[PDB]
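Peer 1: pasting an experimental structure with its sequence.
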4 protein chains.
Amino acid sequence: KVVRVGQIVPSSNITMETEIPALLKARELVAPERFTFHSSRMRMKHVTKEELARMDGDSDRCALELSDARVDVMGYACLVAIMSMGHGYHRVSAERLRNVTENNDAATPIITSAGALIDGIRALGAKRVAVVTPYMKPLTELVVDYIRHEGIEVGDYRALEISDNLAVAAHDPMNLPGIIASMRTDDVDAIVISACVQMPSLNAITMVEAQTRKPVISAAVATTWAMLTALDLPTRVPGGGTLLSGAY
Amino acid sequence: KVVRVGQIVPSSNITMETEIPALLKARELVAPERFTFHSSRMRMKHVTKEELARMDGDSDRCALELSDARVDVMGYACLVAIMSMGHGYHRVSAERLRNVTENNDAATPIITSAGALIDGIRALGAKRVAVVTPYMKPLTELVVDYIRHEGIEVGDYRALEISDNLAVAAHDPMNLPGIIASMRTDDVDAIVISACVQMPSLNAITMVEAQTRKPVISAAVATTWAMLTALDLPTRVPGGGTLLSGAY
Amino acid sequence: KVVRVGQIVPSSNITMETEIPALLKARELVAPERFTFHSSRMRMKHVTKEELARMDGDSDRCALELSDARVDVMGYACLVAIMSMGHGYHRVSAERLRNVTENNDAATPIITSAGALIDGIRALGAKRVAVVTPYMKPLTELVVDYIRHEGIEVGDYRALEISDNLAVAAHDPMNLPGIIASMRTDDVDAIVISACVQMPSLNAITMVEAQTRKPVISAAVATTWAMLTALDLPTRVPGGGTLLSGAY
Amino acid sequence: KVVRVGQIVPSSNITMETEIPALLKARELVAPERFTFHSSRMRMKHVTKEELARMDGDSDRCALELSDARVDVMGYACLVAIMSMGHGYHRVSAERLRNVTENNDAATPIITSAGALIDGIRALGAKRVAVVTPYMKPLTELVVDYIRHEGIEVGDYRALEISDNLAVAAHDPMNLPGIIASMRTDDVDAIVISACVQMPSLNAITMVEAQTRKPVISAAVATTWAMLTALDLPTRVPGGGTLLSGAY
C-alpha cells in the first residue's frame, strides 16, 4: 500500500521534510508499507512570538491545501508556535484543523508535533524529562511550562539561543551528544533531544541514547510515532530511538 | 552532498510528489548525492482555464515560501497552466520567479514543467512527437499547439478527458501501454507519455518504451532531468526512460 | 515475501555479486518482494578452456552447498564455461544440477547464464545480435558460434581480449558506450553488451541503449530476468534495460 | 567507494547473508560508503561437534576462494565451530586464515564471529553478560565456558535445544523478547541475544534493548562492527543496537 503523508510546515523549516521521510524510508526496510510525502507551507523566517501567531493563522489554509490531496495523515509541525498560544492549545489546534479537512470532504487524522511529544513521553511511561531547545530563553520557558502543565516534570533544560530558523537548521547534531552529556540526565526518565521541529537531531539520537542509557525523543520521531499509531501501524523504525521500536 | 529540492505543486496534485522523489530515490542507488524534498501548494481543484490563471497568480507566493528554505532547485509543476498563459510563457515564468528568489536573498535556479518538456525533447534530437494528456480537448489543443510553437512537430496525440484532478491521479497507468500502442508511433521521434503533472506515468515508462522501441518522456522525468542539469549533476536515473541515462 | 537467491560464481568473479544484487535492489523500489543473496565459489583464476572444464566439474559441489540453504532460485554464473562444453550444454547443466538439488531434499529451479541469454534474446523477438566479450578470440568464437547454433544470427561482434579475470572486473564500463558505437548496430535486432559474467556492464546499459536506440542485454540482466520468470514474479527492474520492464 | 565484503559461511547458514547485508544497507542511508557481498561456503547441515570440526577443515579453502576476489574484509562466520575447538582458538583461526590470503597475494583483514563477539562486549565495557543460544545444552556450555575463559562473566544463559541449522534459521525473533524477559537480565551489563550466527535476531534487537534497557549484541552486529572498525570506518548503523552507534 501507498500512504500519503501530509505535513503543514513553516516555510523555512527544512528538518521535518528531512527526518520524517528519513525515518519512514528506514521503515520500508522492515515493514511492507511505502510512503509519499506532501507538504503545505506557511510563511515564517524568524522564531518570534509575533511571527509565530501570524504563522498559526495560515494553519487552516495549509490544512485545506493538503486535504485537496486526500491525504492519509496530517502532521502540523511547529511545536513552539502552539505552546506559545496558551496551555493545552495542541488539543484545540487538532480539533480545529480536523474540522477544516471535514469541511473539505476529506476527513483525515490530524497530528500536532506538540501533542505528539506529550503523547510520546507518556507512551514511554516517563514522569520526568530533560529538554534541549535552540530557541531564546523566554520562548523555551514556554515550552518547559507547557510540558510541566501537561503533567510531565522537567528536570534540567537547555536553551541554545538561536532565533534564525535557518541557523537552527544548520546546527550540527554532533554538538548535541556533548551538550546532553553536560546536563544532569540521570535524574530523568527520558531525554527530549529536540523540543523543536527545525533542529536536526536524528543522527545524534542513537548515539546519545547509547551514552546516556536513557530513552531519547525528538519531535520528529514523536510525530512519526503518532502518525504511525494514528494509521494503526507497527512503530518499529531503525535509528528511531527507543520510541520507534515496539512501543505502540 | 544533500541537495534540497523545491516543488511548487497544485494542492490536489499527488503525482509530482510521488514520481520525482521516486526518480531521485533511484538515483541514490547509482550516485552519491542525497536528496530532500520540499513542497509548496497553490489552491486549485478542477482543471479549467479560469482556475489555471488563478493558480498561476499564486505562483510567486509559493516561490517565496520555498526560497525561505534556501532550496537548491525549484520545480514549478503544471505545464498546462503555463501553456494556457500563451506562447513562450515558460521562459517568462522562469525569469520572474528567479527574481522572486533573488529578492528573498536566496537565488536559486527555477524550472518549469513546460520548459523542461520542451528542452528535454530537444535534448533527445526529437523533432516529431506523440502526446498523451488527461485534459479535455481545448486544453490539449493548447499543449499541442504550444509544443508546435517551440519548433517541435506533433504527430498523433490523445486526450483522456478527465477534468476532475483527483480522478486523473486515480488513473491506472497500465492502461497507457495499451492506449499508446493504438496510436501512430513509428513516424514519431519520441513519445510524451504524459503532458501532465497529475497523471501517473512512471510505472508505464520503460514498458511503453520497450514495445514501441521509441523514446518515452513524461513531464515528471523532464523536470527531474532539468533539475539535475541545473545542478551540474550526471543525469542517469534508473527506470527513468531514455532521457534519464547519460542524458541524452 | 523474502526470496532467497543462490549464485554459483567463479571465485575471482565479482561482477555477478554486484550487478544482480544491484538489479534486485532496484526492484525493491518498485515491487514488494525482498531478496537475500547467497553465493558459492568454484576455484578458477585465468579464463582458459582447461580451467573452464575444471571449474564446471565443481559445479555440482556448489549446487549442493547452496541447496543446503533451501535457496529459492539458483544462478549458475559463467556462460563461457557452459558454451565451451559444446552445443546445447546449458540445458544439460540445468537438468543435472536440478537433480542435484532434488537429491538434497530441496528441489529448486536452476538457471544458467548461457540459457538465460539465449532465452532472453528470444523473449525480445531478436533474431540478429551484436556481441561484446572480454575474452580472447577463440573463446569469443565459441560464444558467437553457440548463439548461432541456438537459431540467433550474430552480426558484428567484438573481443576485448583480457585473459586475467581480475583485469576484466577492473575494466571501465564507460568505455563500452564508445566501443559499441564503433560497431554495426542498425542491422542488428539487439545488443549483447556483455556475453560475460565478469565484465561490469550495468552502468553502461541504459546509456548504450539510448544512443543506439536498440535493446541492450548483459548476461547479468538475463540471469536476473530468468530468475524472476522462474518464480512467477513481474520482471520490471529499473535501470535494467529493455529486457527488464514488463519483460519483454 | 565500493567495499568488497567477504564472508566464509556454513553452507546451510542463511542469517549472516541476511543481517550483515541488512545492516550495511542501512548504513548507506547514513554514510557514503557502498557495499557488495561475496560468499564462500563450507558444507554443514547439522550443528554437531563432529560436523563442526569437518567444516573448520574447509575454512582455509573458503579463504582461498574469497581472496581470489581481492576482498576488503573477510568474516569467518561460524561462532560455535571455533569455540568447540578449544580455548582462545579464535585468535588462532584468525592468524591462520590471514596467512592463507597472504599466500594468495591478496592480504586481507580477517574477522571471526567469535573474536568479534568477544571484542564487541569489551568495546561496550561490559564485565558481565547474558547469553541466548539455539544449540543443545553441552554445545552452549562450550560457548559460555569460552566467554568466561575470555575474561567475561556470564550471568543467566539459555539454550533453546535446536540442532537442525535450518530450523534455527526459521526461529521467530519475536519469541526472543519474551525469552529474554524471562531471564534475570538486570544483574547484567550487556545482552548477547544471539551467541550464534544462524539464529535471526536483528528484528528483536531494538525491541529487547528498549524493554530491558541494557545494550544488546548479536554475532552479526559484532561482526559488522568488527568489519567496520577493521576498515577504519564510523560504526553508526540504524537498527544495529547500542554497539552500532558511535562506539568505535
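Peer 2: That came in fine, so what should we check first? Numbers count the residues shown, from 1 in each chain, chains lettered A, B, ... in the order given.

Peer 1: CA atoms for contacts and neighbours, from now on please.
Peer 2: Fine.

Peer 1: what about residue A:207, is that helix, strand or coil?
Peer 2: Per DSSP: H, G, I helix; E, B strand; the rest coil, the local secondary structure of residue A:207 is helix.

Peer 1: from residue D:122, how far off is it?
Peer 2: Remark: distance between residue A:207 and residue D:122 (C-alpha to C-alpha, to the nearest Å) = 18 Å.

Peer 1: of the two, which one has the most company?
Peer 2: For residue A:207 versus residue D:122, the count of surrounding residues by other C-alpha atoms under 10 Å in any protein chain shown is larger for residue A:207: 24 against 13.

Peer 1: quick check: the more buried one touching residue A:177?
Peer 2: Yes. Assessed by C-alpha atoms under 8 Å, residue A:207 is found in contact with residue A:177 at 7.1 Å.

Peer 1: phi, psi for residue A:108 please.
Peer 2: For residue A:108, the backbone dihedrals (degrees, to the nearest 10) come out as phi -130, psi 150.

Peer 1: now do the contacts for residue A:173.
Peer 2: A:200, A:201, A:202, A:203, A:204 (C-alpha atoms under 8 Å, 6 or more residues apart in numbering or on different chains).

Peer 1: how does it look with 10 Å?
Peer 2: In this structure, residue A:173 makes contact with A:179, A:193, A:199, A:200, A:201, A:202, A:203, A:204, A:205, judged by C-alpha atoms under 10 Å, 6 or more residues apart in numbering or on different chains.

Peer 1: wait, which of those residues is closest to residue C:65?
Peer 2: Ranked by distance to residue C:65 (C-alpha to C-alpha), these are led by residue A:203 at 40.6 Å.

Peer 1: check which helix or strand that closest one maps to.
Peer 2: Taking DSSP states H and E as the criterion, residue A:203 maps to helix A:202-212.

Peer 1: can you tell me if that helix touches chain B.
Peer 2: No. For helix A:202-212 and chain B, the contact criterion (C-alpha under 10 Å from any C-alpha of the partner chain) is not met; the two come no nearer than 14.3 Å.

Peer 1: now what about the helix or strand just after that helix, what contacts it?
Peer 2: On the C-terminal side of helix A:202-212, the nearest following helix or strand under DSSP H and E is strand A:216-218. The contact list for strand A:216-218 (C-alpha under 10 Å, 6+ apart) reads A:113, A:116-117, A:120-121, A:124, A:129-132, A:189-197, A:199-202, A:204-210, A:240-244.

Peer 1: next, the buried residues of the helix holding residue A:203.
Peer 2: Residues of helix A:202-212 classed as buried: A:202, A:203, A:204, A:205, A:206, A:207, A:208, A:209, A:210, A:212 (neighbour count, 16 or more other C-alpha atoms under 10 Å in any protein chain shown).

Peer 1: is any part of it close to chain D?
Peer 2: Yes. Using C-alpha under 10 Å from any C-alpha, helix A:202-212 reaches chain D at A:203, A:204, A:205, A:206, A:207, A:208, A:209, A:210, A:211.

Peer 1: does chain B have contacts with stretch A:130-142?
Peer 2: No. For stretch A:130-142, no contact with chain B is found by C-alpha under 10 Å from any C-alpha; the gap never falls below 17.6 Å.

Peer 1: count the neighbours of the residue nearest to residue A:153 when sequence neighbours are not counted for me.
Peer 2: Distances taken as C-alpha to C-alpha, 6 or more residues apart in numbering or on different chains place residue A:128 nearest to residue A:153, at 4.6 Å, with adjacent residues excluded. Neighbours of residue A:128 under the rule other C-alpha under 10 Å: 18.

Peer 1: next, the contact list for residue A:128, please.
Peer 2: Going by C-alpha under 10 Å, 6+ apart, the list of residues near residue A:128 reads A:121, A:148, A:151-156, A:187-191.

Peer 1: export stretch A:160-167 as CSV, just CAs?
Peer 2: Output in CSV follows, covering the C-alpha atoms of stretch A:160-167 (Å, rounded to 0.1, in the frame of the first residue of the first chain):
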residue,chain,number,x,y,z
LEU,A,160,20.8,27.3,22.7
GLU,A,161,19.9,31.0,22.0
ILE,A,162,19.2,30.9,18.2
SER,A,163,16.3,32.7,16.6
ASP,A,164,17.2,32.5,12.9
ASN,A,165,15.3,29.4,11.8
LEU,A,166,17.9,28.8,9.1
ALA,A,167,20.8,28.8,11.5
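
Peer 1: that stretch: how far from the chain's middle?
Peer 2: Distance, stretch centre to chain centre, for stretch A:160-167: 17 Å (C-alpha atoms, centre = their mean, to the nearest Å).

Peer 1: buried residues in that stretch?
Peer 2: Buried, per 16+ other C-alpha under 10 Å, within stretch A:160-167: A:162, A:163, A:165, A:166.

Peer 1: which of the residues you listed come close to chain B?
Peer 2: A:165, A:166.

Peer 1: which two in the buried residues of stretch A:160-167 are spaced the farthest apart?
Peer 2: For the buried residues of stretch A:160-167, the maximum inter-member distance is 9.5 Å, found between A:162 and A:166 (C-alpha to C-alpha).

Peer 1: joint contacts of the two?
Peer 2: Shared contacts of residue A:162 and residue A:166 (C-alpha under 10 Å, 6+ apart): residue A:46.

Peer 1: next, name the residue at the spatial heart of chain A.
Peer 2: Most central in chain A under C-alpha atoms, centre = their mean is residue A:219, positioned 2.5 Å from the mean C-alpha point.

Peer 1: measure it to chain C for me?
Peer 2: With distances taken as C-alpha to the nearest C-alpha, to the nearest Å, residue A:219 is found 28 Å from chain C.

Peer 1: against residue C:228, how distant is that residue?
Peer 2: With distances taken as C-alpha to C-alpha, residue A:219 is found 42 Å from residue C:228.

Peer 1: before we move on, what about residue A:184?
Peer 2: Shown here: residue A:184 relative to residue C:228, a distance of 56 Å by C-alpha to C-alpha.

Peer 1: likewise for residue A:105?
Peer 2: Going from residue A:105 to residue C:228 by C-alpha to C-alpha gives 43 Å.

Peer 1: no further queries at this time; thank you.
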